[PDB]
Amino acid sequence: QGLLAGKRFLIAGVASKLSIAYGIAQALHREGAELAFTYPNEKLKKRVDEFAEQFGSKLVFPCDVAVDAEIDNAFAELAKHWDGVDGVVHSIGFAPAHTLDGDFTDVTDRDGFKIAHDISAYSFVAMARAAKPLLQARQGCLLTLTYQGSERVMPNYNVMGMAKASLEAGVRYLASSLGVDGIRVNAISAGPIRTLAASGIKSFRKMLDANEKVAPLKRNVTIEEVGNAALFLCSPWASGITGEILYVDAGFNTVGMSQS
């Protein structure tokens, strides 16, 4: 029971055992954390129930982040079980499919823009607000996930690149707001990983192949590697670290073009 013994974390974002949020769950659990989970809808409820049970948790709450009331209620229900929280992991993204398929200028309509930012960036700030009393109780941390398409153009990432740039600025604004309470706020910028959301971005196979060919370690990263980095940033070993975007991409972001 070894780095996170006695600590409690809420995990939002598990869709399958392939999910980044699932590899994060696995790493925190391996070092002693007790876990709670959210689900976005009725259909997902059944799967998240099973996954939680696998980590030895009966703490499973609805949280569609489009709805203020569900965010608020998720943390209200959580506080009936836990008197404080050591961490909240936000591993959630969405944009309507059409926004990610085609020319950016033509396909980025108002509502598609609205939804991508609302789900993928606003929701982190809303979760942080709702979590604040429970995080204050234990000087808990916040963690979210981002992608380098915020800083450089990636094919068909499109408005998700805007929303991720917004999320990363949020990580800094949150860190400054919550830091006085000892609440650290960080993000991992992961390399491409084959998840359910990944199927559904048409350029994903090309991104995954480019990352394998170009990254200094010449291979793709895993949810275990992302989970392990998440474990570090959620632990006391990262007590000097806040507002940080940690790249877990095998060094890809550092290369301008590989040797041919």
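Residue numbers run from 1 along the displayed sequence.
- Legend: mean Cα B-factor per stretch from the PDB entry, 244 to 252 versus 14 to 22; the higher mean is in 14 to 22.
- Just going by the entry, 226 to 234 versus 61 to 69 on mean CA temperature factor gives the higher value to 61 to 69.
- The PDB entry gives the largest Cα B-factor of the residues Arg129, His98, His117, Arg172 to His98.
- Split the chain's modelled residues into thirds by C-alpha temperature factor. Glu151 is in the middle one.
- When the modelled residues of the chain are ordered by C-alpha B-factor, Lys80 sits in the highest third.
- Split the chain's modelled residues into thirds by C-alpha temperature factor. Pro192 is in the middle one.
- Ranked against the other modelled residues of its chain, the C-alpha B-factor of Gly102 as given in the entry falls in the highest third.
- Per the deposited record, the Cα B-factor of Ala137 falls in the middle third when ranked against the other modelled residues of its chain.
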